Amino acid sequence: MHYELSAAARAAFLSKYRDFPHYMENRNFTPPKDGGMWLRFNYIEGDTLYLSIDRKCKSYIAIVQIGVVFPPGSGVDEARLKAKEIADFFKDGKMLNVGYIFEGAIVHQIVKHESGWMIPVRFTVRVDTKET
Amino acid sequence: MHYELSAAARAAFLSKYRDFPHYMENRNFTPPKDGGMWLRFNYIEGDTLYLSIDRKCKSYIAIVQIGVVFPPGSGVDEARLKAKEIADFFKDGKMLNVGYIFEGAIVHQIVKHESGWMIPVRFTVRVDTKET
Amino acid sequence: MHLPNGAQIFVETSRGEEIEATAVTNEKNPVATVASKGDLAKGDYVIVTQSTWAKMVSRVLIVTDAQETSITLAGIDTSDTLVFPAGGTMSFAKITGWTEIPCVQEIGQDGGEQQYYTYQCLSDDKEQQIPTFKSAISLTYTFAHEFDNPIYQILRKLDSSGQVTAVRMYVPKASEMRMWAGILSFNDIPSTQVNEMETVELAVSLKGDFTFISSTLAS
Amino acid sequence: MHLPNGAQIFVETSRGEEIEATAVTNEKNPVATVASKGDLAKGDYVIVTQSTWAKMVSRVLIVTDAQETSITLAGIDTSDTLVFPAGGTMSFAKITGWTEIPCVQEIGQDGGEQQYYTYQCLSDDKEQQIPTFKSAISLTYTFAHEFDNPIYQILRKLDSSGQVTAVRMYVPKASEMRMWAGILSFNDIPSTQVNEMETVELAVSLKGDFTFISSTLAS
Amino acid sequence: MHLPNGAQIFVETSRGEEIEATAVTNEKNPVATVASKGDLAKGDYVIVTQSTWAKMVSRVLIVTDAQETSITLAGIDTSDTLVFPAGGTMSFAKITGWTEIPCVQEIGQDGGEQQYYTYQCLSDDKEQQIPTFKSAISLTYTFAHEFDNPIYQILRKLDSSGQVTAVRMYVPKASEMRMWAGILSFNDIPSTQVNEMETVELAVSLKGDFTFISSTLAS
Amino acid sequence: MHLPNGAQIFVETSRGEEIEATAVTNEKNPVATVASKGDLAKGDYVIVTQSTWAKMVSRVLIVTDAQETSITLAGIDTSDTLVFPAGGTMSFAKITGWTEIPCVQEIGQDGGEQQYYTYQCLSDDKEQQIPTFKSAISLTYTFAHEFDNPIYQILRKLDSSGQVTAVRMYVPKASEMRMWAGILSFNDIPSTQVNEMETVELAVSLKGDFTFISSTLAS
Amino acid sequence: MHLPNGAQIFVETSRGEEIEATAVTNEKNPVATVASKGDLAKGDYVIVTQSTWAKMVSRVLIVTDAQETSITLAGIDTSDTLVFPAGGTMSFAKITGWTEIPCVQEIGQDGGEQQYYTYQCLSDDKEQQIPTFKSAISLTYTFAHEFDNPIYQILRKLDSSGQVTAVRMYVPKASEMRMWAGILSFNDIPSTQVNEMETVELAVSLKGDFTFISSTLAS
Amino acid sequence: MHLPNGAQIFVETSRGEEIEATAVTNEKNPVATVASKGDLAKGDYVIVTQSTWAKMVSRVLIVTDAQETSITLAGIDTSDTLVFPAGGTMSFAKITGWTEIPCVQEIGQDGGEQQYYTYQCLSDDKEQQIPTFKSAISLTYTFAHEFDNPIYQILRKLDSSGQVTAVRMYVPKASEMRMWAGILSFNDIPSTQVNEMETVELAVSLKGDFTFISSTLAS
């Protein structure tokens, strides 16, 4: 049960940010011509844990990273406000339709470049499956 | 008993995926012209453990990695479905004809390239031999 | 040389009617002259409740051959004669069904270390000891906590009653089947912690001895 | 298979008027022939103060159906007859409000390990034991220290009085609600250290048994 | 949710003349009908030396309102009547000055774990316990060693005399002020080691209870 | 300077007919005037069951020279006369076959630390002690668990009987062969864990002393 | 093989009118002829006050069958006829009330040590003794101390009167039922010590011999 | 060198008809002349009731050879003739039944301390004493308490009758067989304590001296 987890994360993300410009994995996407900010979506696989001794009940861990990129020379205020909104939306313990958020609302340090900066927002999701 | 283990893994893999395009170690193989996905097969040697004090009963560990490669700009849905099928087929505890699966159905993070991506599926096999 | 991965644990839920055996002969596979076959069949587990033979009491056995008046059991050796005097009566019941514990996290046990008696004689100088009795055996099981799982009421009833219940274990790699009986003890206080699942503790003591049979013999 | 993250702890602050029940019948969901409904309603927690039934004493129960003369409670099983003789009287009070402890750092408990009695007989050689009573249960809570938090006076009064108070716990992931009653103990000596917040210790013992009900049944 | 960084420790150096109070009424903020104000003022710490009320003995209090015949103290609650019978006399002294310990390395304490009495009844099976007294409290302070620091003679005199002395603690982050009194113990043997400063040990026991007041109330 | 890798452990399975020796002389390699050679041959292990010489009891020896009336044994020194008085009778049996334990995981032992008696005299100041007896020796073996291995019944019979059985050990690097006899103890409770093979425990005590002989002398 | 945990102790508070039986025969289950059926019913405890037969004086009985003129009792065997001469009349009372002793800490008994009469004769050398009568039986009870139980006036009046009183006790584990009678001696001096359960002691005597019946037969 | 573990204790419940022997000679293995063969068979225990010889009164014997007019017994040595005058007649009984004492916790014995007669004479200085007769032998048994065993009425009738009864006990380890006889004293007052095995005590006397035979000879 790892495809449905990514499907659920995508469903939630489009449920919140359908209209905002965004990038999705392995799809041709061009940045906005106006130079404004756009969202970035990535899915990082974790590890699957065998919990019991009969190797039946398992667990799946995954990491979802959302990054905001904003043009150079335009401050870091609105980017931090957007990151705060992103963190507030993905509250800890939120129940998805396939799983739930194990750990949410984490903001990391800014990565700098001469063409565009980025503030990465990262959280994790978990699902539990019993095999019969 | 390390050649027969790889032979058994190959026998199982061809038993399941004889017709799908696939690559085998040290054999000339060209990717499909249509740009579709193809399978990748690798055998990683582990370590041999001397278990007793008379250095007679031993053990062999090995790692088998299967990777799926899919063209850029074509999504990550069908690739994840194929990886799920791969993981489901190689269930934990499956008894091969020379050994058995020590640890199976593990999916790792995607590696990205400008020509083609890859989702690696990895598991391990084990065999026990008594020397007389 | 096998590996205990994939093991399963089953516990008895309901036994059957008492069956009396007039006499049993002593060989590799004992055969009992039962009054009537009753509901016995091929590959059905039975447990003895009382017998003259002190050693073979509360031992879980498996039937091998079923006839109208003769029944065959496997898992206990009666080749010796002095420890198994001829003419001992036997009585047993039949286990109807089994229920399976949910996926089990850890398995552990304590006790069984053999004791010794040390004596020093004035005639000699070196000190020597002899073997003695063994300590009691207690088995501990830990599994995930579920509030509405149907086995909780059964476990509570078994704990309150205090009767002897049979437990079964299956090891696919070794193709074996362990059998024993004991007094059940159930703990229903979840161990709450952070970032890990809470579990409950189940403990069962021992009244008899372990019996090992081949998996293919059962079915 | 659930996870105890997000748990909350509530403690009773004030009970209500005593209510007497003439008799109660014994089934899956007991119903009591109360003289008058009074202030009882749907989904209100009650605690028993004294009854002839020794097992069901100081147990926190939840009402299910309310009528003028009949009241329905859920959380205790009375299917058995010998342990719950017919005709036992019952008395309980109603909890008015609840207060919530501030955010809690760690949760821990001690005791509950079952005891055994080991006897050795001269007739046999192997040594066997039987289960016995269980040790006492003590629950320990640790939370942040605040000097002017209003619950401090309530905790001091509860500690000084020595009365029995009900405690509630809610687990969102399991959709459960644990209930128990015990004697409160409060420690108000902050643990000063370096570069970490100082906390205070709260401990509560146990007088009855845990009761598990579904969250949706409460409301 | 505060942090104990920046804490300071003060110890009393000299008290004042004894003051007698005829009677005190019991409310949230008790007021005492003193014969004469004397040298009392706003925000001056006082310590009681003896009173009929056993609970309120050797407790460090802070004055709130000063009048010619009436004095107001804050830090102790006297809402209850049975534990604080009306008509109890009261006597206290005034602390003149305070002296400050040099920068303190570590702070620690031991004791205070509540004790329990476990009783097993033959009628029931489960074992239950009740709370009992608490162990003694000892506070340990460790600070840098200085040979000519003026407080050493004061500490030696306080240790030799054996009298009760008040100690004060200030936590800037929590805006609080802890107060207690106890018997001082001084150790003057430096702990010599390599590549780290040698320190001395100071320990103070407890005779009363902790009192917590707001920092802004003091001044 | 050798290394114990590649060691093997053998245990006796069946002895032979009792053989009586009238008298034996005491030298480097003792020779016994046996009534008849019987089935003795070159390089066959023998164990003594009873003799007047208390020191040489239950010691595993190896034959060196075989004749019709004289037999030669190696492994025990009888140069001294006072500890081995002339004229002592001797009796021994012959080990028929050996069986080998499957591959063994760990080897361990406990006991053997020499004891001391400490006495203090009023005349002197320093305290001195003298050597005393040594503690008992117990050898512990751990090997893989197999349900149908043929040696299990033999081990069970040896445990039940309680007789003395000889054990042999071979070290290829040192070209040695250790010999001893003791009482066998067998444990048949597998130690189930995760991701590692389950094993069983075998323990043997000591009744005599170790004997070391060269490997080439055996064959 | 039964653990005495969970037992309860009962004592009567009132007796009914006296009932006189004309005659009774001696057998395994004695049956007596009564003038009237009376208020006797199934499963009622019976105490006798005086009869021609000395052995069954002050003995507690259970009824087995109820009839207008014939009553059946169980608990005493009258198979022997030389010690139980025929033509005897019975006079028994009627137990009407039952009261429960409160929380009991520990129980104990004294006596039962049979002394032996020793005789020495010049004819033989070895000294020989013979058994004699047994010592008296003293039984002690210590239960929880709480004045509010209305049973203490019953104990006071029982002690002051000195009349023969029976004690009822039931063992859930063994499903037995233990009857005896004696003279009550209640002591009302509490044993007070710091940090421990305050309790009082009770002592009783014995009038006859222990009588044992099955719990299932009683009810 | 034998461990007493695993032994069993037996007591008879009935004796057969009396058999009178006309004459018996004195030797290592005494042989007696009997009028009729009777029901005696090989490997039967024999108890005597009265005879001219005082030493072998109330002595337990084993038969060795069976014949119409001659019987052979083992267990007593009659090599001496001065203490065993010829021309004696034997009168012995026949043991018909054997019963087993239930689960026994511990066993003990009292007596056997030989006192010495001390005499002082003016002629010599050193004080000298002489041996005298030994004290009586008291033996105590404590076994598991469970009323359902039908052996207690046997003990009651044995105690009431007071007739001489023998006790059978067998030691598997040493392969010995221990005979003695005495007077039974059974106590039916259970020792009840919390969380421990309830048991009763049994006491016996001795009529003669301990008699020892080999287990293999008996059967």
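Residues numbered from 1 in each chain as written, not as in the entry; some residues may be left out. Chains lettered and ligands numbered in written order. Part of a larger assembly, values for the part shown. Heavy atoms only, no water.

- What the entry reports as its method is cryo-EM, with 3.3 Å given for the resolution.

So, helix α2 (residues 77–89) of chain B
Then comes step 1: Counted at 1.5 Å a residue, the expected span for α2(B) with its 13 residues is 18 Å, and the 19 Å between its end C-alpha atoms agrees.
Then comes step 2: Considered for burial, the residues of α2(B) that qualify are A79(B), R80(B), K82(B), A83(B), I86(B) and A87(B). The arc that holds the buried residues of α2(B), viewed along the axis, is 160°, so those residues lie on one side.
Then comes step 3: Contacts from the buried residues of α2(B) go to α1 (3–17) and β2 (38–50) of chain A together with α1 (3–17), β3 (57–70), β4 (100–107) and β5 (117–130) of chain B. (Helix = DSSP H or I, 4+ residues; strand = E, 2+ residues; numbered from the N terminus. Expected span 1.5 Å × (residues − 1). Buried < 20%, exposed > 50% of the residue type's maximum accessible area, 1.4 Å probe, protein only. Arc of directions from axis to C-beta. Contact = heavy atoms within 4.5 Å.)

Regarding the pairing of strand β4 (residues 45–51) of chain G
Residue and element names in this part refer to chain G.
Then comes step 1: For β4 and strand β5 (residues 60–66), the ladder comprises three bridges, and the chain directions are antiparallel. Its bridge partner lying in β5, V46 is registered against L61.
Then comes step 2: Sheet topology places β4 next to strand β7 (residues 88–92); three bridges connect them, and they run antiparallel. Paired with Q50 across the bridge in β7 is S91. (Pairing = 2+ DSSP bridges.)

Considering the state of the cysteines
Then comes step 1: Within the structure shown, the criterion is met by two disulfides over all chains.
Then comes step 2: Here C57(A) is linked by a disulfide to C103(C), with a sulfur-sulfur distance of 2.0 Å. Around the S-S axis, the bridge from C57(A) to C103(C) shows a dihedral of about 90° and counts as right-handed. Of the two residues, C57(A) sits in strand β3 (residues 57–70) while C103(C) sits in the loop between β7 (90–100) and β8 (104–110), which places them in two different chains. Side by side, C57(A) and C103(C) carry an identical accessibility label, which is buried. (Disulfide = S-S within 2.5 Å.)

Considering the pairing of strand β1 (residues 8–11) of chain G
All names here are of chain G.
Then comes step 1: Pairing analysis gives four bridges linking β1 to strand β13 (residues 165–171), with the strands arranged antiparallel. In the strand pairing of β13, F10 is matched with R168.
Then comes step 2: Both β1 and strand β8 (residues 99–100) contribute to a ladder of two bridges, which runs antiparallel. Within the sheet, the bridge partner assigned to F10 lies in β8 and is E100.

Some details on the sheet that holds strand β17 (residues 211–214) of chain H
Residues and elements named next belong to chain H.
Then comes step 1: Spatial strand order, β8-β1-β13-β14-β17: five strands in an open sheet with antiparallel pairing. The open sheet is flanked by β8 (99–100) and β17, the only strands paired with a single partner.
Then comes step 2: In this structure, strand β14 (residues 176–182) lies alongside β17, joined through four bridges in antiparallel fashion. Within β17, the residue paired with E176 across the bridge is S214.

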